[PDB]
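J.: Let me begin by handing over the structure; questions about it come next.
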Amino acid sequence: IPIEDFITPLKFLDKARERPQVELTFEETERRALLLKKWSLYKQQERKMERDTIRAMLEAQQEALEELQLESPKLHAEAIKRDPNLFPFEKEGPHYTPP
Amino acid sequence: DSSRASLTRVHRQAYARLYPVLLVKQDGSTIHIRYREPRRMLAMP
Amino acid sequence: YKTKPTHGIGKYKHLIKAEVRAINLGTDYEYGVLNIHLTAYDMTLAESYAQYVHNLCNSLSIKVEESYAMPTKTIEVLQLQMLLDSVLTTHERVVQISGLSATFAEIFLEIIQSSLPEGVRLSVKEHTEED
Amino acid sequence: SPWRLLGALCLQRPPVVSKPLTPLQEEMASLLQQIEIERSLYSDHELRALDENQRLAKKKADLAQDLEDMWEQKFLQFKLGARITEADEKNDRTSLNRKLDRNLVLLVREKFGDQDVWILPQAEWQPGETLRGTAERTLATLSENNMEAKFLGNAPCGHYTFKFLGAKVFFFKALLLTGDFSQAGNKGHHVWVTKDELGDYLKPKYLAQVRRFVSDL
Amino acid sequence: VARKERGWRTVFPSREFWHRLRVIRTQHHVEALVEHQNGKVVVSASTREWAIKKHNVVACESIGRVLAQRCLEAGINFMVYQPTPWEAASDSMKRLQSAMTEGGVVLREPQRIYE
Amino acid sequence: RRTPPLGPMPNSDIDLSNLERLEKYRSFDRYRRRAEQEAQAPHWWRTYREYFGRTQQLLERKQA
RNA sequence: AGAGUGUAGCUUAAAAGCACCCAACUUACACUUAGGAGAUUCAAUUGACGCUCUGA
């Protein structure tokens, strides 16, 4: 029974008449656009860092795999046999303060 | 690299103010939650 | 025409595709469509990380079928020490991941555990649910 | 081709505290906060505050303040934990509570006879014993603790070779969930290291490639 | 009086013109060709023309101004510009159309006078 | 009866099974440009075309 | 120490075209629109600075 929460509340539709004003200035908009440019460049650099890291660690994994192939095949069998420990994969993100 | 998912804007058009309240579970840690009636400390028993 | 050497030159249905278990064979390994549940008390951060994992899977060539969600589970819990109310709005972004190998799945799990956001819980499991 | 059998395990510990931000990202956060200010509608607290202020103005012509005050009082009386547990001590490189914003790598010093080598903890896998089980019993033996930790899969991560008869070094990935450590002041010089601490401490190009495939973030 | 190629009804674009204005909005460059029906390009305006490369919406407009001068140069006064609906609605293309119209070129074309 | 083609038939380099892994145009203009290139190609069959139809200066440019 | 060597990520390009990321339409992806970032590694067809592989 899928009950999504995308519906706009009729209470808000009635009492949505309190702050209808939006005012911006020339210098504020210029700083908005320039900071958008710098942030776009920064996220591009961070994405390129992510790409370099993933290709580096994929390269390390594939060279590990090919060295394992040239030394032994049954280790490849048991290694490509994936573990059932991944089935209840339940982990939690970082916090703000230690306990 | 958690700041990408921790930094976002609300894409919808009709919503209330977002208050950075600090939820404290009994584990002894704080977390930034969006809750109305902005109590700064929000403790769980 | 059919007897002419330009037969079949206008074929397109052979180019267009238009018409679950988990296999462990021994040399090709492929999990079924597995659910990630992004449990968060912050809807904006949950949506942002759902979009992050969506574009990560699309860029790393994983077909993403569904990106649905299950909403708020308030629990009416008292602030026992006076009486104080506390409503709870948790939301879980449930996204399907289809294509996984051993090493590539390890890569993807390493990436998401490195990119775990603030106060957001991941839940990787199977599709045996009733939404 | 006599292949000497030698394995290892590259152990990780996931971060706890959030990464401190840069001024540019804090400025972007302020910009998004301004977006939220100018886009939000019908904030319950501020709207009822303005309503009660105008109503008391009318009543004196013809609560939000104390609630904000007690919010401030509980903010001040709530003690916060130590966010940085690194620069307050600056010396204990051994403890598990060393650093919390980035992950840590287990690393150890012990001395052999022929070589005096700084080693990410090795293992001696048997031909019949799998490398997963070798890693489990190796973590059980040389760390003498109770680590309950997740192993991602049987798929390996890093293999390197040295020829003298030759041997190899084999590296997995594993992150800790709960750690019970006993007799931290032990003999085997084990340090939990950062990426730059790795790049400082590591002697060989083998551990340089280890520093390559360890996540930098 | 000359025949326009008045077929091709199920296929985009129409080949009913004497002179088509075609715009190529590629990466780092905006190209603007003015070609006869028979494929043969008549007048070109590139931003990779290594002269206008000095001094993007404004780049598109400048290509429009140089192209309008070159069309008056070559004695071409009427086009059939035909955009896909989205670059019809796009901002830089409206500026390009306006630039050519007050550069001296009409982006319609007279009907063929039969009889 | 049939007849083998007198050359390379179109759409033959990408008759691989992995169409879900091939790039698969999402737009219209990109197909349109590939179609224009195909319309310019030589094409063994029968066509409408058959019937009807220094470094210092670079451095100065970069500085400018 | 030896071999392969060299246009941003990629090219039977020669300073080109595809890729990249950003704001909006999107649950979201995509498309499209506004953008922006980008390379011929240096010294006169050659040598050396840089990567890979083979070594110690």
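In the structure tokens, chains take the letters A, B, ... in the order shown, each chain's residues start at 1, and ligands count up from 1 in the order shown.
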Just list the residues in chain F DSSP gives helix (DSSP H, G or I) on the backbone, as a PDB file with C-alpha atoms, in the first residue's frame.

T.:
ATOM      1  CA  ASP F  29      19.772  16.613 -32.983  1.00  0.00           C
ATOM      2  CA  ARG F  30      22.549  14.068 -32.439  1.00  0.00           C
ATOM      3  CA  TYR F  31      20.672  11.521 -34.544  1.00  0.00           C
ATOM      4  CA  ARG F  32      20.024  14.316 -37.009  1.00  0.00           C
ATOM      5  CA  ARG F  33      23.755  15.002 -37.369  1.00  0.00           C
ATOM      6  CA  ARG F  34      24.555  11.296 -37.796  1.00  0.00           C
ATOM      7  CA  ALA F  35      21.771  11.160 -40.393  1.00  0.00           C
ATOM      8  CA  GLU F  36      23.227  14.156 -42.233  1.00  0.00           C
ATOM      9  CA  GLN F  37      26.611  12.405 -42.318  1.00  0.00           C
ATOM     10  CA  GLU F  38      24.973   9.242 -43.642  1.00  0.00           C
ATOM     11  CA  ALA F  39      23.179  11.314 -46.284  1.00  0.00           C
ATOM     12  CA  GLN F  40      26.568  12.634 -47.406  1.00  0.00           C
ATOM     13  CA  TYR F  48      18.588  11.459 -54.491  1.00  0.00           C
ATOM     14  CA  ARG F  49      22.175  12.597 -54.983  1.00  0.00           C
ATOM     15  CA  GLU F  50      22.479  10.135 -57.852  1.00  0.00           C
ATOM     16  CA  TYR F  51      19.402  11.473 -59.614  1.00  0.00           C
ATOM     17  CA  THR F  55      52.963  29.516 -33.660  1.00  0.00           C
ATOM     18  CA  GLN F  56      53.856  33.138 -32.888  1.00  0.00           C
ATOM     19  CA  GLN F  57      50.504  34.155 -34.369  1.00  0.00           C
ATOM     20  CA  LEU F  58      48.816  31.482 -32.236  1.00  0.00           C
ATOM     21  CA  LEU F  59      50.531  32.854 -29.119  1.00  0.00           C
ATOM     22  CA  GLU F  60      49.469  36.380 -30.084  1.00  0.00           C
ATOM     23  CA  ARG F  61      45.906  35.118 -30.550  1.00  0.00           C
ATOM     24  CA  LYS F  62      45.971  33.476 -27.110  1.00  0.00           C
ATOM     25  CA  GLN F  63      47.325  36.675 -25.543  1.00  0.00           C
TER      26      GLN F  63
END

J.: Excluding same-chain residues fewer than 6 positions from stretch 17-21 of chain E, what lies within 9 Å of it counting only C-alpha atoms (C1' of nucleotides), as a list in words?

T.: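 These residues fall inside the cut-off: residues 2, 3, 4, 5, 6, 32, 33, 34, 35, 36, 37, 38, 42, 76, 78, 79, 80, 81, 82, 107 and 109 of chain E.
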
J.: Extract the full set of strand (DSSP E) residues from chain C according to DSSP on the backbone, and format it as a PyMOL selection string.

T.: chain C and resi 23-24+29-30+34-40+67-70+91-97+120-125

J.: One decimal, Å: what's the distance from atom CA of residue A:75 over to atom CA of residue D:131, could you say?

T.: 8.1 Å

J.: Could you please tell me, as a CSV table (one decimal) with N, CA, C and O atoms, in the first residue's frame, which residues of chain F have an atom within 6 Å of chain C when using only C-alpha atoms?

T.:
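result22.csv was written with the following content:
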chain,number,residue,atom,x,y,z
F,1,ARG,N,13.6,-16.5,-53.3
F,1,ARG,CA,14.8,-16.0,-53.8
F,1,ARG,C,15.3,-14.8,-52.9
F,1,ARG,O,14.5,-14.1,-52.3
F,2,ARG,N,16.6,-14.6,-52.9
F,2,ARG,CA,17.2,-13.4,-52.3
F,2,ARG,C,18.3,-13.0,-53.2
F,2,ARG,O,18.5,-13.5,-54.3
F,3,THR,N,19.1,-12.0,-52.7
F,3,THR,CA,20.3,-11.6,-53.3
F,3,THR,C,21.1,-10.9,-52.2
F,3,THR,O,20.6,-10.1,-51.4
F,4,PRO,N,22.4,-11.4,-52.0
F,4,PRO,CA,23.3,-10.7,-51.1
F,4,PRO,C,23.5,-9.3,-51.4
F,4,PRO,O,23.5,-8.9,-52.6
F,5,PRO,N,23.7,-8.4,-50.5
F,5,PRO,CA,24.0,-7.0,-50.8
F,5,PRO,C,25.3,-6.8,-51.5
F,5,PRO,O,26.3,-7.6,-51.4

J.: Can you tell me which residues surround stretch 102-112 of chain D at a distance of at most 8 Å, considering only C-alpha atoms (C1' of nucleotides), apart from same-chain residues fewer than 5 positions away, and format the answer as number ranges by chain?

T.: D: 10-16, 19, 117-121, 188-194, 217

J.: Name all residues at most 9 Å from residue E:93 (count only C-alpha atoms (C1' of nucleotides); drop same-chain ones fewer than 5 positions away) and give them as a ChimeraX atom specification.

T.: /E:23,57,60-61,83,87-88,98

J.: Output N, CA and C atoms of each residue in that selection to a file, as a short mmCIF file (atom, residue, chain, number, x, y, z; two decimals), in the first residue's frame.

T.:
data_model
loop_
_atom_site.label_atom_id
_atom_site.label_comp_id
_atom_site.auth_asym_id
_atom_site.auth_seq_id
_atom_site.Cartn_x
_atom_site.Cartn_y
_atom_site.Cartn_z
N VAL E 23 22.31 26.52 -38.94
CA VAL E 23 23.13 26.93 -37.81
C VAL E 23 23.60 25.69 -37.07
N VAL E 57 26.05 33.50 -26.54
CA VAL E 57 24.96 34.23 -27.20
C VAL E 57 25.50 35.40 -28.01
N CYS E 60 27.12 34.16 -31.09
CA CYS E 60 26.10 33.82 -32.07
C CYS E 60 25.57 35.07 -32.78
N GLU E 61 25.32 36.14 -32.02
CA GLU E 61 24.85 37.38 -32.63
C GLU E 61 25.89 37.98 -33.57
N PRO E 83 14.00 25.98 -37.81
CA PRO E 83 14.55 25.41 -36.58
C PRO E 83 13.67 24.32 -36.00
N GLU E 87 15.11 24.84 -30.41
CA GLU E 87 15.94 26.01 -30.69
C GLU E 87 15.16 27.09 -31.42
N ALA E 88 13.93 26.81 -31.83
CA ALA E 88 13.04 27.92 -32.16
C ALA E 88 12.74 28.73 -30.91
N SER E 98 16.72 37.95 -35.23
CA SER E 98 16.58 39.40 -35.20
C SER E 98 17.79 40.08 -35.81
#

J.: Find the residues near residue A:14: any atom within 12 Å, counting only C-alpha atoms (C1' of nucleotides), skip ones fewer than 4 places away on the same chain, and give them as a list in words.

T.: residues 8, 9, 10 and 18 of chain A; 14 of chain B; 41 and 42 of chain D

J.: Would you save the residues from that selection as a PDB file, in the first residue's frame, using N, CA, C and O atoms?

T.:
ATOM      1  N   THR A   8       0.477  18.392  -1.751  1.00  0.00           N
ATOM      2  CA  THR A   8       0.565  19.699  -1.112  1.00  0.00           C
ATOM      3  C   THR A   8      -0.581  19.863  -0.119  1.00  0.00           C
ATOM      4  O   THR A   8      -1.736  19.598  -0.468  1.00  0.00           O
ATOM      5  N   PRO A   9      -0.306  20.279   1.118  1.00  0.00           N
ATOM      6  CA  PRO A   9      -1.377  20.378   2.121  1.00  0.00           C
ATOM      7  C   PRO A   9      -2.309  21.548   1.838  1.00  0.00           C
ATOM      8  O   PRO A   9      -1.869  22.656   1.516  1.00  0.00           O
ATOM      9  N   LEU A  10      -3.614  21.289   1.978  1.00  0.00           N
ATOM     10  CA  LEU A  10      -4.613  22.335   1.791  1.00  0.00           C
ATOM     11  C   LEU A  10      -4.496  23.416   2.854  1.00  0.00           C
ATOM     12  O   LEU A  10      -4.860  24.572   2.607  1.00  0.00           O
ATOM     13  N   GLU A  18       1.673  34.887   3.598  1.00  0.00           N
ATOM     14  CA  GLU A  18       2.331  35.649   4.654  1.00  0.00           C
ATOM     15  C   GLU A  18       3.617  36.339   4.212  1.00  0.00           C
ATOM     16  O   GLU A  18       3.904  37.444   4.684  1.00  0.00           O
TER      17      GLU A  18
ATOM     18  N   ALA B  14       6.294  24.596  -1.962  1.00  0.00           N
ATOM     19  CA  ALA B  14       5.450  24.933  -0.818  1.00  0.00           C
ATOM     20  C   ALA B  14       5.933  24.147   0.395  1.00  0.00           C
ATOM     21  O   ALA B  14       5.627  22.959   0.538  1.00  0.00           O
TER      22      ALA B  14
ATOM     23  N   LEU D  41       7.525  29.036   3.287  1.00  0.00           N
ATOM     24  CA  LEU D  41       6.231  29.661   3.524  1.00  0.00           C
ATOM     25  C   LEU D  41       5.630  29.137   4.820  1.00  0.00           C
ATOM     26  O   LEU D  41       5.654  27.928   5.068  1.00  0.00           O
ATOM     27  N   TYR D  42       5.077  30.054   5.621  1.00  0.00           N
ATOM     28  CA  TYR D  42       4.314  29.762   6.839  1.00  0.00           C
ATOM     29  C   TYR D  42       5.159  28.962   7.838  1.00  0.00           C
ATOM     30  O   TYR D  42       4.870  27.811   8.173  1.00  0.00           O
TER      31      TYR D  42
END

J.: Can I get the residues of chain E within 12 Å of chain F, each with the closest pair of atoms and their distance in Å to one decimal, using only C-alpha atoms, sorted chain first then ascending number, as a tab-separated table?

T.:
residue	atom	partner	partner_atom	distance
E:5	CA	F:52	CA	10.5
E:8	CA	F:48	CA	11.7
E:11	CA	F:32	CA	11.4
E:12	CA	F:32	CA	9.5
E:13	CA	F:32	CA	10.4
E:23	CA	F:29	CA	11.9
E:24	CA	F:33	CA	9.7
E:25	CA	F:29	CA	10.4
E:26	CA	F:30	CA	10.7
E:36	CA	F:53	CA	11.6
E:37	CA	F:53	CA	9.7
E:38	CA	F:53	CA	6.3
E:39	CA	F:53	CA	8.3
E:40	CA	F:53	CA	9.7
E:50	CA	F:61	CA	9.0
E:51	CA	F:61	CA	10.0
E:52	CA	F:61	CA	11.4
E:53	CA	F:61	CA	8.8
E:54	CA	F:64	CA	7.3
E:55	CA	F:64	CA	8.8
E:83	CA	F:29	CA	10.8
E:84	CA	F:29	CA	8.6
E:85	CA	F:28	CA	11.2
E:86	CA	F:29	CA	10.5
E:87	CA	F:29	CA	10.4

J.: Distance cut-off 9 Å, counting only C-alpha atoms - which residues of chain C neighbour chain A? Return them as an mmCIF file with N, CA, C and O atoms, in the first residue's frame.

T.:
data_model
loop_
_atom_site.group_PDB
_atom_site.id
_atom_site.type_symbol
_atom_site.label_atom_id
_atom_site.label_comp_id
_atom_site.auth_asym_id
_atom_site.auth_seq_id
_atom_site.Cartn_x
_atom_site.Cartn_y
_atom_site.Cartn_z
ATOM 1 N N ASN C 24 24.763 -17.438 -9.212
ATOM 2 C CA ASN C 24 26.137 -17.657 -8.757
ATOM 3 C C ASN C 24 26.662 -18.845 -9.559
ATOM 4 O O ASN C 24 26.607 -19.987 -9.098
ATOM 5 N N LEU C 25 27.177 -18.573 -10.760
ATOM 6 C CA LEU C 25 27.529 -19.657 -11.674
ATOM 7 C C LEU C 25 28.903 -20.234 -11.357
ATOM 8 O O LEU C 25 29.060 -21.454 -11.229
ATOM 9 N N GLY C 26 29.910 -19.376 -11.222
ATOM 10 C CA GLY C 26 31.270 -19.835 -11.016
ATOM 11 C C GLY C 26 32.288 -18.968 -11.727
ATOM 12 O O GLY C 26 33.443 -18.874 -11.300
ATOM 13 N N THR C 27 31.868 -18.327 -12.817
ATOM 14 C CA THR C 27 32.711 -17.374 -13.530
ATOM 15 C C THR C 27 32.020 -16.055 -13.842
ATOM 16 O O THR C 27 32.715 -15.073 -14.127
ATOM 17 N N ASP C 28 30.690 -15.997 -13.804
ATOM 18 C CA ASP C 28 29.939 -14.758 -13.963
ATOM 19 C C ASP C 28 28.950 -14.662 -12.814
ATOM 20 O O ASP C 28 28.087 -15.533 -12.664
ATOM 21 N N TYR C 29 29.067 -13.610 -12.011
ATOM 22 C CA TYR C 29 28.252 -13.455 -10.816
ATOM 23 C C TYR C 29 27.398 -12.205 -10.939
ATOM 24 O O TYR C 29 27.897 -11.129 -11.282
ATOM 25 N N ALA C 69 10.258 5.409 -2.709
ATOM 26 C CA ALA C 69 10.527 5.799 -1.333
ATOM 27 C C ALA C 69 9.369 5.387 -0.436
ATOM 28 O O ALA C 69 8.232 5.238 -0.892
ATOM 29 N N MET C 70 9.679 5.202 0.849
ATOM 30 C CA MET C 70 8.634 5.068 1.854
ATOM 31 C C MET C 70 8.726 6.187 2.894
ATOM 32 O O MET C 70 9.813 6.483 3.412
ATOM 33 N N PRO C 71 7.587 6.837 3.163
ATOM 34 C CA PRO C 71 7.599 8.082 3.946
ATOM 35 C C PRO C 71 7.619 7.908 5.458
ATOM 36 O O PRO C 71 7.896 6.822 5.980
ATOM 37 N N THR C 72 7.376 9.035 6.133
ATOM 38 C CA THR C 72 7.312 9.218 7.583
ATOM 39 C C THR C 72 6.717 8.050 8.365
ATOM 40 O O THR C 72 5.692 7.473 7.992
ATOM 41 N N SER C 101 28.940 -7.197 -10.135
ATOM 42 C CA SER C 101 29.925 -8.266 -10.099
ATOM 43 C C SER C 101 30.626 -8.227 -8.744
ATOM 44 O O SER C 101 30.307 -7.403 -7.888
ATOM 45 N N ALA C 102 31.605 -9.114 -8.560
ATOM 46 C CA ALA C 102 32.291 -9.201 -7.274
ATOM 47 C C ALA C 102 33.158 -7.971 -7.021
ATOM 48 O O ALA C 102 32.925 -7.210 -6.071
ATOM 49 N N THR C 103 34.162 -7.758 -7.876
ATOM 50 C CA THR C 103 35.073 -6.630 -7.702
ATOM 51 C C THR C 103 34.353 -5.300 -7.878
ATOM 52 O O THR C 103 34.578 -4.361 -7.108
ATOM 53 N N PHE C 104 33.471 -5.209 -8.876
ATOM 54 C CA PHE C 104 32.750 -3.963 -9.122
ATOM 55 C C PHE C 104 31.768 -3.657 -7.996
ATOM 56 O O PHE C 104 31.584 -2.490 -7.627
ATOM 57 N N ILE C 107 33.798 -2.267 -5.258
ATOM 58 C CA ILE C 107 34.122 -0.879 -5.589
ATOM 59 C C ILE C 107 32.957 0.037 -5.231
ATOM 60 O O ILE C 107 33.134 1.081 -4.589
ATOM 61 N N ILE C 111 32.723 2.957 -2.380
ATOM 62 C CA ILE C 111 32.407 4.341 -2.725
ATOM 63 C C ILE C 111 31.273 4.875 -1.853
ATOM 64 O O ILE C 111 31.356 5.991 -1.324
ATOM 65 N N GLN C 113 30.273 3.765 1.107
ATOM 66 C CA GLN C 113 30.660 3.864 2.511
ATOM 67 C C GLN C 113 31.649 5.001 2.739
ATOM 68 O O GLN C 113 31.713 5.549 3.846
ATOM 69 N N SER C 115 31.323 7.795 0.954
ATOM 70 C CA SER C 115 30.462 8.950 0.748
ATOM 71 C C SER C 115 29.212 8.919 1.622
ATOM 72 O O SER C 115 28.214 9.560 1.275
ATOM 73 N N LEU C 116 29.240 8.173 2.725
ATOM 74 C CA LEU C 116 28.137 8.178 3.678
ATOM 75 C C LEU C 116 27.897 9.584 4.229
ATOM 76 O O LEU C 116 28.831 10.212 4.745
ATOM 77 N N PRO C 117 26.675 10.099 4.153
ATOM 78 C CA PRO C 117 26.391 11.461 4.608
ATOM 79 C C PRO C 117 26.040 11.487 6.092
ATOM 80 O O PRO C 117 26.056 10.473 6.786
ATOM 81 N N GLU C 118 25.698 12.683 6.565
ATOM 82 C CA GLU C 118 25.479 12.931 7.983
ATOM 83 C C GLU C 118 24.087 12.457 8.384
ATOM 84 O O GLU C 118 23.083 12.948 7.857
ATOM 85 N N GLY C 119 24.032 11.512 9.320
ATOM 86 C CA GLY C 119 22.763 11.061 9.862
ATOM 87 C C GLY C 119 21.901 10.272 8.903
ATOM 88 O O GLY C 119 20.679 10.227 9.075
ATOM 89 N N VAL C 120 22.503 9.652 7.891
ATOM 90 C CA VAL C 120 21.779 8.868 6.899
ATOM 91 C C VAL C 120 22.240 7.422 6.992
ATOM 92 O O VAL C 120 23.443 7.143 7.050
ATOM 93 N N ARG C 121 21.278 6.505 7.011
ATOM 94 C CA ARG C 121 21.531 5.081 7.165
ATOM 95 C C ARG C 121 21.320 4.373 5.834
ATOM 96 O O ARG C 121 20.338 4.633 5.132
ATOM 97 N N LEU C 122 22.240 3.477 5.493
ATOM 98 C CA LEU C 122 22.120 2.654 4.300
ATOM 99 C C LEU C 122 21.595 1.277 4.677
ATOM 100 O O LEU C 122 21.933 0.742 5.738
ATOM 101 N N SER C 123 20.763 0.707 3.809
ATOM 102 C CA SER C 123 20.284 -0.664 3.995
ATOM 103 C C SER C 123 20.304 -1.369 2.642
ATOM 104 O O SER C 123 19.432 -1.126 1.806
ATOM 105 N N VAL C 124 21.295 -2.232 2.431
ATOM 106 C CA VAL C 124 21.374 -3.070 1.239
ATOM 107 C C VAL C 124 20.763 -4.420 1.578
ATOM 108 O O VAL C 124 21.259 -5.122 2.469
ATOM 109 N N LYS C 125 19.695 -4.791 0.876
ATOM 110 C CA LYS C 125 19.174 -6.154 1.001
ATOM 111 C C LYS C 125 18.427 -6.514 -0.277
ATOM 112 O O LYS C 125 18.525 -5.817 -1.292
ATOM 113 N N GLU C 126 17.685 -7.619 -0.231
ATOM 114 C CA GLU C 126 17.059 -8.184 -1.419
ATOM 115 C C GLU C 126 15.749 -7.450 -1.718
ATOM 116 O O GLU C 126 15.424 -6.427 -1.108
ATOM 117 N N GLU C 130 6.853 -6.180 0.154
ATOM 118 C CA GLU C 130 5.516 -5.882 -0.355
ATOM 119 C C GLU C 130 5.253 -4.402 -0.094
ATOM 120 O O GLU C 130 4.876 -4.017 1.017
ATOM 121 N N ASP C 131 5.457 -3.579 -1.117
ATOM 122 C CA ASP C 131 5.307 -2.136 -0.983
ATOM 123 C C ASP C 131 3.839 -1.730 -1.018
ATOM 124 O O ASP C 131 3.180 -1.665 0.020
#

J.: Determine, for each residue of chain D having at least one atom at most 8 Å from an atom of chain B, the closest pair of atoms and their separation in Å to one decimal, counting only C-alpha atoms; order by chain and ascending number, as a Markdown table.

T.:
| residue | atom | partner | partner_atom | distance |
| --- | --- | --- | --- | --- |
| D:18 | CA | B:2 | CA | 7.8 |
| D:19 | CA | B:2 | CA | 7.7 |
| D:21 | CA | B:3 | CA | 7.9 |
| D:29 | CA | B:7 | CA | 6.7 |
| D:32 | CA | B:9 | CA | 6.1 |
| D:35 | CA | B:9 | CA | 7.7 |
| D:36 | CA | B:17 | CA | 7.0 |
| D:37 | CA | B:17 | CA | 6.9 |
| D:39 | CA | B:13 | CA | 7.2 |
| D:40 | CA | B:16 | CA | 4.9 |
| D:41 | CA | B:16 | CA | 4.9 |
| D:42 | CA | B:16 | CA | 5.5 |
| D:43 | CA | B:16 | CA | 5.0 |
| D:44 | CA | B:37 | CA | 6.9 |
| D:45 | CA | B:37 | CA | 5.4 |
| D:71 | CA | B:39 | CA | 5.9 |
| D:72 | CA | B:40 | CA | 7.6 |
| D:74 | CA | B:41 | CA | 6.7 |
| D:75 | CA | B:41 | CA | 6.2 |
| D:78 | CA | B:41 | CA | 7.8 |
| D:81 | CA | B:29 | CA | 7.9 |
| D:217 | CA | B:1 | CA | 6.4 |

J.: Pick the closest to residue E:68 from E:27, E:111, E:44, E:92: which is it, counting only C-alpha atoms?

T.: E:44

J.: What gap, in Å, lies between atom CA of residue D:158 and atom CA of residue A:68?

T.: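 Interatomic distance here is 9.8 Å.
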
J.: So, with only C-alpha atoms as the atoms that count, which of A:41, A:49, A:33, A:22 lies closest to chain B?

T.: A:49

J.: Dump as JSON lines the rows for residues of chain C within 9 Å of chain G: closest atom pair and distance in Å with one decimal, only C-alpha atoms (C1' of nucleotides) counted, ordered by chain and rising residue number.

T.:
{"residue": "C:47", "atom": "CA", "partner": "G:27", "partner_atom": "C1'", "distance": 8.6}
{"residue": "C:50", "atom": "CA", "partner": "G:28", "partner_atom": "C1'", "distance": 8.0}
{"residue": "C:51", "atom": "CA", "partner": "G:28", "partner_atom": "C1'", "distance": 6.4}
{"residue": "C:54", "atom": "CA", "partner": "G:29", "partner_atom": "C1'", "distance": 7.3}
{"residue": "C:55", "atom": "CA", "partner": "G:29", "partner_atom": "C1'", "distance": 7.4}
{"residue": "C:58", "atom": "CA", "partner": "G:29", "partner_atom": "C1'", "distance": 7.9}
{"residue": "C:64", "atom": "CA", "partner": "G:29", "partner_atom": "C1'", "distance": 8.9}
{"residue": "C:67", "atom": "CA", "partner": "G:28", "partner_atom": "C1'", "distance": 7.0}
{"residue": "C:68", "atom": "CA", "partner": "G:27", "partner_atom": "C1'", "distance": 7.2}
{"residue": "C:69", "atom": "CA", "partner": "G:27", "partner_atom": "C1'", "distance": 8.5}

J.: Quick check: residues of chain D within 8 Å of chain A, only C-alpha atoms, returned as a count of residues only.

T.: 30
